[PDB]
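Quick look at query_34.txt (compact mmCIF, N, CA and C atoms):
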# COMPACT_ATOMS: atom_id res chain seq x y z
N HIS A 1 61.47 60.83 76.75
CA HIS A 1 62.37 59.66 76.92
C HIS A 1 63.74 59.96 76.33
N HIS A 2 63.83 59.89 75.00
CA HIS A 2 65.07 60.10 74.27
C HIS A 2 64.87 59.71 72.82
N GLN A 3 64.74 58.41 72.59
CA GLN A 3 64.44 57.88 71.26
C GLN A 3 62.94 57.96 70.99
N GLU A 4 62.37 59.10 71.34
CA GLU A 4 60.94 59.31 71.26
C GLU A 4 60.67 60.64 70.57
N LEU A 5 61.63 61.06 69.75
CA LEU A 5 61.52 62.31 69.00
C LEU A 5 60.78 62.02 67.69
N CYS A 6 59.58 61.47 67.84
CA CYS A 6 58.82 60.92 66.72
C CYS A 6 59.52 59.66 66.20
N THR A 7 59.26 58.55 66.87
CA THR A 7 59.96 57.30 66.60
C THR A 7 59.41 56.63 65.34
N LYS A 8 58.41 57.24 64.71
CA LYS A 8 57.94 56.80 63.41
C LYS A 8 58.90 57.30 62.32
N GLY A 9 60.03 57.81 62.80
CA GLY A 9 61.13 58.16 61.95
C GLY A 9 60.89 59.41 61.14
N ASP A 10 61.93 59.83 60.43
CA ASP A 10 61.83 60.98 59.56
C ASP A 10 60.89 60.65 58.42
N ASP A 11 60.78 59.37 58.12
CA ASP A 11 59.95 58.90 57.02
C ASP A 11 58.48 59.22 57.27
N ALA A 12 57.94 58.79 58.41
CA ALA A 12 56.55 59.06 58.71
C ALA A 12 56.37 60.52 59.10
N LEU A 13 57.45 61.14 59.59
CA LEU A 13 57.44 62.57 59.87
C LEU A 13 57.31 63.35 58.55
N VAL A 14 57.86 62.78 57.49
CA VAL A 14 57.72 63.31 56.14
C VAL A 14 56.32 63.04 55.59
N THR A 15 55.73 61.92 55.99
CA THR A 15 54.33 61.68 55.68
C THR A 15 53.49 62.79 56.33
N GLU A 16 53.71 62.99 57.62
CA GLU A 16 53.09 64.08 58.34
C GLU A 16 53.52 65.42 57.74
N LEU A 17 54.75 65.49 57.23
CA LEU A 17 55.24 66.68 56.54
C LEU A 17 54.25 67.13 55.48
N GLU A 18 53.88 66.21 54.61
CA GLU A 18 52.93 66.50 53.54
C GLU A 18 51.54 66.74 54.11
N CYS A 19 51.27 66.15 55.27
CA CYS A 19 49.99 66.30 55.94
C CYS A 19 50.00 67.55 56.82
N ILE A 20 51.15 68.21 56.85
CA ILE A 20 51.26 69.56 57.41
C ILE A 20 51.20 70.59 56.27
N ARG A 21 51.70 70.19 55.11
CA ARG A 21 51.81 71.10 53.96
C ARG A 21 50.50 71.24 53.22
N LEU A 22 49.54 70.41 53.57
CA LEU A 22 48.24 70.41 52.92
C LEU A 22 47.43 71.67 53.26
N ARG A 23 48.12 72.66 53.85
CA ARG A 23 47.53 73.93 54.31
C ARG A 23 46.56 73.70 55.48
N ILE A 24 46.24 72.44 55.71
CA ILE A 24 45.40 72.00 56.82
C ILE A 24 44.02 72.67 56.74
N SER A 25 43.57 73.27 57.82
CA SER A 25 42.27 73.92 57.84
C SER A 25 42.13 74.85 59.06
N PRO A 26 42.39 74.33 60.29
CA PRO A 26 42.40 75.13 61.54
C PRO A 26 43.25 76.42 61.50
N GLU A 27 43.51 76.98 62.69
CA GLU A 27 44.41 78.14 62.84
C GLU A 27 45.83 77.79 62.45
N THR A 28 46.03 76.54 62.05
CA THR A 28 47.30 76.01 61.62
C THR A 28 48.23 77.05 60.97
N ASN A 29 47.73 77.81 60.01
CA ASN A 29 48.59 78.72 59.28
C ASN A 29 49.01 79.87 60.17
N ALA A 30 48.05 80.60 60.72
CA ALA A 30 48.37 81.72 61.60
C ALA A 30 49.22 81.25 62.79
N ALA A 31 48.71 80.24 63.47
CA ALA A 31 49.30 79.74 64.70
C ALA A 31 50.72 79.22 64.48
N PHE A 32 50.87 78.14 63.71
CA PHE A 32 52.20 77.60 63.48
C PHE A 32 53.11 78.61 62.79
N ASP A 33 52.55 79.52 62.00
CA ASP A 33 53.39 80.42 61.23
C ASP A 33 54.19 81.28 62.18
N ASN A 34 53.52 81.90 63.15
CA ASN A 34 54.24 82.67 64.16
C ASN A 34 54.89 81.76 65.20
N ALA A 35 54.46 80.51 65.24
CA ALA A 35 55.06 79.52 66.13
C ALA A 35 56.44 79.07 65.63
N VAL A 36 56.47 78.49 64.44
CA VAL A 36 57.71 78.10 63.81
C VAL A 36 58.44 79.34 63.32
N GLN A 37 57.77 80.48 63.44
CA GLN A 37 58.42 81.78 63.39
C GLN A 37 59.36 81.94 64.59
N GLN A 38 58.85 81.65 65.79
CA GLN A 38 59.66 81.62 67.01
C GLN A 38 60.91 80.79 66.81
N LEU A 39 60.68 79.51 66.55
CA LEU A 39 61.76 78.55 66.38
C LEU A 39 62.56 78.89 65.14
N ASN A 40 61.85 79.53 64.23
CA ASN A 40 62.39 80.02 62.97
C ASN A 40 62.98 78.88 62.16
N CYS A 41 62.34 77.73 62.28
CA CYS A 41 62.69 76.57 61.49
C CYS A 41 62.25 76.77 60.05
N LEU A 42 61.33 77.73 59.86
CA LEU A 42 60.65 77.97 58.58
C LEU A 42 59.73 76.79 58.25
N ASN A 43 60.31 75.61 58.23
CA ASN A 43 59.57 74.37 58.05
C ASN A 43 58.78 74.03 59.30
N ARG A 44 57.48 73.86 59.11
CA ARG A 44 56.55 73.67 60.22
C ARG A 44 56.68 72.27 60.80
N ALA A 45 57.34 71.38 60.08
CA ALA A 45 57.55 70.03 60.57
C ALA A 45 58.62 70.02 61.66
N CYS A 46 59.58 70.94 61.55
CA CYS A 46 60.59 71.14 62.58
C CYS A 46 59.89 71.52 63.87
N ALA A 47 58.94 72.41 63.70
CA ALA A 47 58.08 72.87 64.77
C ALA A 47 57.33 71.72 65.42
N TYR A 48 56.48 71.08 64.62
CA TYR A 48 55.64 69.98 65.08
C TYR A 48 56.48 68.86 65.70
N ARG A 49 57.59 68.51 65.05
CA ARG A 49 58.41 67.40 65.52
C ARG A 49 59.20 67.78 66.77
N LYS A 50 59.46 69.06 66.99
CA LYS A 50 60.21 69.45 68.16
C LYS A 50 59.29 69.46 69.36
N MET A 51 58.01 69.75 69.15
CA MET A 51 57.01 69.54 70.19
C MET A 51 56.91 68.06 70.50
N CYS A 52 56.92 67.27 69.43
CA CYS A 52 56.96 65.81 69.52
C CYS A 52 58.19 65.35 70.30
N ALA A 53 59.26 66.13 70.20
CA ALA A 53 60.50 65.84 70.91
C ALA A 53 60.42 66.31 72.36
N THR A 54 60.25 67.62 72.55
CA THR A 54 60.22 68.21 73.88
C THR A 54 59.68 69.65 73.82
N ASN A 55 58.67 69.85 72.96
CA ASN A 55 58.01 71.16 72.78
C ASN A 55 58.93 72.15 72.08
N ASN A 56 58.34 73.24 71.58
CA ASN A 56 59.07 74.23 70.78
C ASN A 56 58.09 75.23 70.18
N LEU A 57 57.31 74.75 69.22
CA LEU A 57 56.44 75.61 68.44
C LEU A 57 55.20 75.99 69.22
N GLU A 58 54.87 75.16 70.20
CA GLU A 58 53.61 75.27 70.91
C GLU A 58 53.43 76.62 71.61
N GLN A 59 54.50 77.38 71.74
CA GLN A 59 54.43 78.68 72.40
C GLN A 59 53.41 79.62 71.72
N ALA A 60 53.72 80.07 70.51
CA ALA A 60 52.88 81.05 69.82
C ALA A 60 51.61 80.43 69.28
N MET A 61 51.77 79.33 68.56
CA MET A 61 50.62 78.57 68.08
C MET A 61 49.56 78.36 69.18
N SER A 62 49.97 77.95 70.39
CA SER A 62 49.00 77.70 71.47
C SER A 62 48.47 79.01 72.04
N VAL A 63 49.22 80.10 71.88
CA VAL A 63 48.69 81.43 72.20
C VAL A 63 47.53 81.78 71.26
N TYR A 64 47.69 81.44 69.99
CA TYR A 64 46.70 81.74 68.97
C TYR A 64 45.50 80.79 69.02
N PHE A 65 45.75 79.50 68.83
CA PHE A 65 44.67 78.52 68.82
C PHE A 65 44.42 77.99 70.24
N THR A 66 43.29 77.34 70.43
CA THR A 66 42.98 76.73 71.71
C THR A 66 43.39 75.26 71.72
N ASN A 67 43.30 74.61 72.88
CA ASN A 67 43.64 73.20 72.99
C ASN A 67 42.78 72.36 72.05
N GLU A 68 41.49 72.67 72.01
CA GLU A 68 40.56 72.00 71.11
C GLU A 68 40.93 72.24 69.65
N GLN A 69 41.34 73.47 69.37
CA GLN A 69 41.76 73.85 68.03
C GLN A 69 42.94 73.00 67.58
N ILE A 70 43.89 72.78 68.48
CA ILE A 70 45.07 72.02 68.13
C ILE A 70 44.83 70.51 68.26
N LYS A 71 43.71 70.13 68.85
CA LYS A 71 43.22 68.76 68.71
C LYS A 71 42.92 68.53 67.25
N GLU A 72 42.19 69.48 66.67
CA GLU A 72 41.87 69.45 65.26
C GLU A 72 43.13 69.36 64.42
N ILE A 73 44.04 70.33 64.58
CA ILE A 73 45.27 70.36 63.79
C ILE A 73 46.18 69.18 64.14
N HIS A 74 45.94 68.55 65.28
CA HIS A 74 46.67 67.33 65.64
C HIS A 74 46.35 66.23 64.65
N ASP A 75 45.08 65.86 64.57
CA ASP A 75 44.66 64.81 63.67
C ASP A 75 44.66 65.33 62.25
N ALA A 76 44.57 66.64 62.13
CA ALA A 76 44.69 67.31 60.85
C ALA A 76 46.07 67.10 60.25
N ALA A 77 47.10 67.39 61.01
CA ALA A 77 48.44 67.39 60.46
C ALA A 77 49.08 66.00 60.49
N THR A 78 48.57 65.12 61.33
CA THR A 78 49.05 63.75 61.36
C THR A 78 48.26 62.86 60.40
N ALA A 79 46.94 63.03 60.38
CA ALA A 79 46.08 62.23 59.50
C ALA A 79 45.80 62.95 58.20
N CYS A 80 46.29 64.19 58.11
CA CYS A 80 45.98 65.09 57.00
C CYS A 80 44.47 65.23 56.88
N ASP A 81 43.86 65.48 58.04
CA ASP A 81 42.42 65.39 58.22
C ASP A 81 41.93 66.46 59.21
N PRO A 82 41.82 67.73 58.77
CA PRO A 82 41.58 68.87 59.64
C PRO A 82 40.12 69.25 59.74
N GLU A 83 39.30 68.51 59.02
CA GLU A 83 37.89 68.85 58.91
C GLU A 83 37.02 67.70 59.32
N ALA A 84 37.45 66.50 58.96
CA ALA A 84 36.66 65.32 59.21
C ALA A 84 36.46 65.10 60.70
N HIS A 85 37.56 65.15 61.44
CA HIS A 85 37.53 64.86 62.86
C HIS A 85 38.32 65.91 63.63
N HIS A 86 37.81 66.28 64.79
CA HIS A 86 38.56 67.10 65.72
C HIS A 86 39.57 66.21 66.42
N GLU A 87 39.18 64.96 66.60
CA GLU A 87 40.05 63.94 67.11
C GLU A 87 39.67 62.60 66.49
N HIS A 88 40.60 61.98 65.78
CA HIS A 88 40.38 60.65 65.25
C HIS A 88 40.59 59.64 66.37
N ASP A 89 41.68 59.85 67.11
CA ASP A 89 41.97 59.14 68.36
C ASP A 89 42.29 57.66 68.16
N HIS A 90 41.33 56.91 67.65
CA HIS A 90 41.47 55.48 67.51
C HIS A 90 41.35 55.07 66.05

Structure encoded using structure tokens:
Amino acid sequence: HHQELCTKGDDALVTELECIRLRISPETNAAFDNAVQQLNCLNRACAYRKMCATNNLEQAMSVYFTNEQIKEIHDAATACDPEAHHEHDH
């Protein structure tokens, strides 16, 4: 859209920031590391949020992990919950 670059603001993106920094559990480290390596944001939230914007990090990370894997790191990095659920969803 436009105003959809994570409309939960930088604030909740910072919440997710800490829920990205929790080392997570999935291929998160390997995958995003060479992913946000691409974008070279260093900060993995730049990566995650730019996918949230219009993709970016998903290149290398998605090469490494599978769709199901990033389902995990999805709810992992947003809910800070990489083990409990592969998908919290609701």

- Message: Just the number, please: distance in Å from atom CA of residue A:33 to atom CA of residue A:7, one decimal.
- Response: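 Taking atom CA of residue A:33 and atom CA of residue A:7, their separation equals 24.6 Å.
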
- Query: What are the DSSP helix (DSSP H, G or I) residues of chain A, as a PyMOL selection string?
  - Reply: chain A and resi 9-21+28-39+44-54+58-64+67-79

- Item | From A:43, A:71, A:4, A:35, residue lying nearest residue A:56 [all atoms listed in the file] | A:35

- Task: Could you tell me how far atom CA of residue A:21 lies from atom N of residue A:79, in Å and to one decimal?
- Result: 11.4 Å

- Message: Using only C-alpha atoms, can you tell me which of A:57, A:84, A:27, A:66 comes closest to residue A:42?
- Response: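 Looking at the shortest contact to residue A:42, the residue is A:57.
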